[PDB]
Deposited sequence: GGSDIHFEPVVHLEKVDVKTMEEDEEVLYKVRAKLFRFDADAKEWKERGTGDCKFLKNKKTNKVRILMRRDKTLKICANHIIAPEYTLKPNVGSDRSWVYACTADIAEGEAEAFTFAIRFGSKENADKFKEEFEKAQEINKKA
């Protein structure tokens, strides 16, 4: 009787909920870019780690860049649960563009843990 994404080659090292901001320098103002899951993805064919962050519901990319060993996470004056750092090539919105990002988390613990994983991944990419 006869019967009737593009991140699959990667590996999730870290996942955390966070809100992402970009600095509008010409307006001296932080502007939100997306709220959702922030992930560190290790490529199996290069061992290179990237940040991939998607907005909830729409799942549109709001962050997509390598965790470069050169980047440096800095505190924000008004937050004990955020990090600020400059990004020289993010491809969430088309061509590679430079941004001054800020990422905030639900607790100071997620913020410190993020910086921990963020640094582990930096050494991974240094090779």
### Query
Can you list the gaps, in order, where the deposited sequence has no modelled residues?
1 to 6, 11 to 19, 143
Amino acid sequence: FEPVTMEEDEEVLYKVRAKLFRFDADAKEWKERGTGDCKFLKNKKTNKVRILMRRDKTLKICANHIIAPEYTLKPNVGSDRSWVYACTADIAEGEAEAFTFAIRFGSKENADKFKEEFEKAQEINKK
From here on, numbers count along this sequence of modelled residues.
### Task
State whether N125, though modelled here, is left unmodelled in a third or more of the other entries compared.
no
### Query
Between 114 to 122 and 15 to 23, which has the higher average C-alpha B-factor in the PDB entry?
114 to 122
### Query
Is the mean CA B factor in the deposited entry higher across 87 to 95 or across 29 to 37?
87 to 95
### Task
Would you please rank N76 by its C-alpha temperature factor against the other modelled residues of its chain and give the third it falls in: lowest, middle or highest?
middle
### Summary
Temperature factor at the Cα of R50, chain-ranked in thirds, falls in the middle
### Query
Lowest, middle or highest third: where is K60 by C-alpha B factor in its chain?
lowest
